[PDB]
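Working notes, beginning with the structure itself.
Values below: every heavy atom of this structure, side chains too, minus hydrogens, waters and symmetry copies. The chains referred to below are lettered A, B, ... by the order of the sequence lines, with proteins before strands, and numbering in each begins at 1.
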Amino acid sequence: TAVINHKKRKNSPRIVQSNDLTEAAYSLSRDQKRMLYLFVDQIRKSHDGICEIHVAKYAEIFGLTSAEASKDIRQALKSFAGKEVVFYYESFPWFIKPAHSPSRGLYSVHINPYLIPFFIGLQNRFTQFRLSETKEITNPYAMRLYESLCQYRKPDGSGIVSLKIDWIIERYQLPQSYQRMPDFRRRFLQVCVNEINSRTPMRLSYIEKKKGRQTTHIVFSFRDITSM
DNA sequence: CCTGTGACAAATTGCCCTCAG
DNA sequence: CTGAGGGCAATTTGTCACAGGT
DNA sequence: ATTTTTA
Ligand SMILES: [Mg+2]
């Protein structure tokens with residue numbers, strides 16, 4: 001049995017997406033990525049791109065009060081305006097219409113229809129993971145890294161991944177100061193590895209690769225907790 | 001050029017409180 | 001009661017000066 | 001439900 005179907009996980013929603021989206025350049029908050037997980041699930045459960053979110057189900061899934069769930073949704077929704085996702089040279093807006101609330105506790109969004117082929121009809125070159133794996137992660141760049149690791153994950157839960165550092169900076173859109181490699185180490189790399197090791201079922205180590213005086217790549221290795 | 005760390009600026013966390021319906 | 005508002009201190013993330021080649 | 005990518 002593959003760990004995607006392990007008994008403790010199987011009941012959580014299966015999030016699935018093309019590797020082009022896993023590799024795309026975009027910048028979303030934790031809260032925005034949490035809602036996008038719910039949109040992809042909904043879309044795949046049956047599409048014109050019009051989706052829904054209930055405050056009450058959001059609070060239940062992420063372990064929040066009703067009031068904070070309402071705050072998270074309202075502010076993340078407004079901040080979606082003007083956000084674009086760039087595939088690799090090809091930019092699309094996430095939303096083609098502002099969000100609105102038809103009735104108390106309910107919100108309605110229109111996801112760009114040109115993005116729907118990135119979430120359905122996948123036969124290969126896709127990324128998969130259970131929502132329960134990511135819902136305790138806090139830092140949004142730790143969410144980006146976890147999805148990239150998942151992209152090379154074998155059915156048994158393990159894998160290895162080399163990632164060029166210039167590429168990480170471009171596609172995750174890290175802030176300016178993380179071009180200085182000691183800041184990249186202390187505020188992105190160590191922080192995100194610690195989050196994955198303590199909030200997911202993945203167990204992760206890494207080694208730096210150098211060319212001359214420059215560090216150019218990180219090489220990641222990992223195994224699943226249910227195999228240990 | 002490269003490294004780590006102290007410090008300070010700005011953003012984000014989970015909580016708290018009020019009230020309409 | 002929920003959930004749509006208003007707020008908080010604690011805590012993390014983003015930036016840079018400095019010391020020094022470990 | 002599933003698979004093709006790093007190097
Ligand atoms: Mg919040």
Problem set entry | Rounded distance in Å - CG (A:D31) to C1' (B:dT13) | 10 Å
Exercise. Mind checking whether A:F118 and A:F87 have ring centres under 6.0 Å apart?
Worked result: yes
Exercise. What residue among A:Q128, A:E133, A:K33 forms side chain to side chain contact (heavy atoms under 4.5 Å, CB included) with A:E147?
Worked result: A:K33
Problem set entry | Integer-rounded Å distance: B:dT3 P and A:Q190 CD | 13 Å
Exercise. Across the strands shown, which category fits A:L163 at heavy-atom distances under 4.0 angstrom: base, sugar-phosphate, nothing?
Worked result: nothing
Problem set entry | Where A:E23 and A:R144 come nearest, the two heavy atoms and their spacing | C-NH2, 4.3 Å
Problem set entry | Groove that holds base atoms under 5.0 Å from the side chain belonging to A:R213 | minor
For this session: Could you grab the distance from atom OH of A:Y141 to atom OH of A:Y172, nearest 0.5 Å is fine?
Result: 12.0 Å
For this session: Indicate, with a heavy-atom threshold strictly under 4.0 Å, whether A:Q176 touches base, sugar-phosphate, or nothing.
Result: sugar-phosphate
Exercise. Given atom CG of A:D72 and atom P of B:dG14, what is their separation to the nearest angstrom?
Worked result: 7 Å
Exercise. Looking across every strand, which nucleic acid part, if any, lies under 4.0 Å from A:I160 by heavy atom: base, sugar-phosphate, or nothing?
Worked result: base
Name the pairs: protein N/O against N/O of nucleotides 5-9 of chain C, kept only if under 3.5 Å.
from	atom 1	to	atom 2	distance (Å)
C:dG6	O6	A:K71	NZ	2.9

Exercise. How would the sugar of B:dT13 be described, north or south, if a positive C1'-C2'-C3'-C4' means north and a negative one means south?
Worked result: north
Exercise. Are the side chain of A:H54 and the backbone of A:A56 linked by a donor-acceptor contact shorter than 3.5 Å?
Worked result: no
Exercise. Once you round it to whole Å, what is the distance between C1' of D:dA1 and CD1 of A:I15?
Worked result: 15 Å
Problem set entry | Touch class at under 4.0 angstrom, heavy-atom based, for A:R186 against every strand present | base
Exercise. Is A:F184 close to A:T215 at the side-chain level, that is, under 4.5 Å between some pair of heavy atoms?
Worked result: no
Problem set entry | Phosphate OP1/OP2 of C:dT15 contacted by A:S177 side-chain N/O (<4.0 Å) | yes
Exercise. For A:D183, which contact category applies under a 4.0 Å heavy-atom criterion: base, sugar-phosphate, or nothing?
Worked result: base
For this session: Remember a base hit wins even if backbone is also touched, and classify A:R153 as base, sugar-phosphate or nothing at under 4.0 Å, heavy atoms.
Result: nothing
Exercise. Between A:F95 and A:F80, is the gap from one ring center to the other below 6.0 Å?
Worked result: yes
Exercise. Taking atom P of C:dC18 as reference, at what distance in whole Å does atom CZ of A:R180 sit?
Worked result: 13 Å
Problem set entry | Minimum side-chain heavy-atom gap A:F119-A:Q42 below 4.5 Å | no
Exercise. What are the two closest heavy atoms between A:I218 and A:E208, and how far apart are they?
Worked result: CD1-CG, 3.9 Å
Problem set entry | Any A:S66 side-chain N or O less than 4.0 Å from OP1/OP2 of C:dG3 | yes
For this session: Round to the nearest Å and state the distance from A:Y178 atom OH to C:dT15 atom P.
Result: 7 Å
For this session: Determine the contact category for A:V55: base if any of its heavy atoms lies under 4.0 Å from a base atom, sugar-phosphate if only primed atoms, P, OP1 or OP2 are that close, otherwise nothing.
Result: sugar-phosphate
Exercise. How is the base pairing of DNA chain D summarised as a dot-bracket string, given the Watson-Crick and G-U wobble criteria with both distances under 3.5 Å, [ ] for crossing and | for another strand?
Worked result: .......
Exercise. Could one point to a donor on the side chain of A:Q151 or the base of D:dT5 with an acceptor on the other under 3.5 Å away?
Worked result: yes
Exercise. Quick one: OG on A:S101 to CD1 on A:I53, what's the gap to the nearest 0.5 Å?
Worked result: 12.0 Å
Exercise. So what does A:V191 touch, heavy atoms closer than 4.0 Å: a base, only the sugar-phosphate, or nothing?
Worked result: sugar-phosphate
Problem set entry | Euclidean distance, atom CH2 of residue A:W167 to atom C1' of D:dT5 [Å, nearest integer] | 11 Å
Problem set entry | Side-chain H-bond candidate by donor/acceptor type, A:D31 with A:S29, under 3.5 Å | no
Exercise. If you look at every strand shown and take non-hydrogen atoms under 4.0 Å, does A:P175 touch a base, only sugar-phosphate, or nothing?
Worked result: sugar-phosphate
Exercise. Does A:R187 reach the major groove or the minor one with its side chain (under 5.0 Å)?
Worked result: major
Exercise. Atom CG of A:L64 to atom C1' of C:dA4: distance rounded to whole Å?
Worked result: 16 Å
Problem set entry | Residues in contact with DNA chain B, drawn from residues 127-140 of chain A - heavy-atom cutoff 4.0 Å | none
Exercise. Can the ring centroids of A:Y37 and A:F129 be said to lie less than 6.0 angstrom from one another?
Worked result: yes
Exercise. Looking for any heavy atom pair under 4.0 Å, which part of the strands does A:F62 touch: base, sugar-phosphate only, or nothing?
Worked result: nothing
Problem set entry | D:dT5 pyrimidine/purine six-ring stacking with A:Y152, under 5.5 Å and 30° | yes
For this session: Evaluate the side-chain proximity of A:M35 to A:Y58: yes if any heavy-atom separation is below 4.5 Å, no if none is.
Result: yes
